[PDB]
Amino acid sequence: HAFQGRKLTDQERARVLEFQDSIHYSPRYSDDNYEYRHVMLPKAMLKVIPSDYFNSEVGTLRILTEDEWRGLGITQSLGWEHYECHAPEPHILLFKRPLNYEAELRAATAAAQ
């Protein structure tokens, strides 16, 4: 294949594979275009995953090529694609305010002047 991505070093490989037998696969589900599922890794394993496999801005894993995620010891049939995030059904809208939403309004509260 010629590994598309950043192949893991023999050491990296050997330390991640320790968790292989504990990786968990959810049942598949589907929509109008796709078939879906998620793989849950044992947290411990996160600690041993190279840092270039991470999204420094979020703390989650960056997108992984198939060779890469297969490299981690995650194993599944053909044609599965890794994606970063999954939007809910169109009738359901997600929200959030920063725990200190007040400080910020209070900030722009005296600001007014």
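A residue's number is simply how far along the shown sequence it sits, counting from 1.
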Q: Could you check which stretch, 97-105 or 10-18, carries the larger mean CA temperature factor in the entry?
A: 10-18
**Q.** Mean Cα B-factor comparison, 46-54 or 26-34, giving the higher one as deposited
**A.** 46-54
Q: Consider only the C-alpha atoms of the modelled residues in this chain, order them by B-factor as the entry records it, and name the third containing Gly79: lowest, middle or highest.
A: lowest
(Q) Which third, lowest, middle or highest, does the C-alpha temperature factor of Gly59 belong to within its own chain? (A) highest
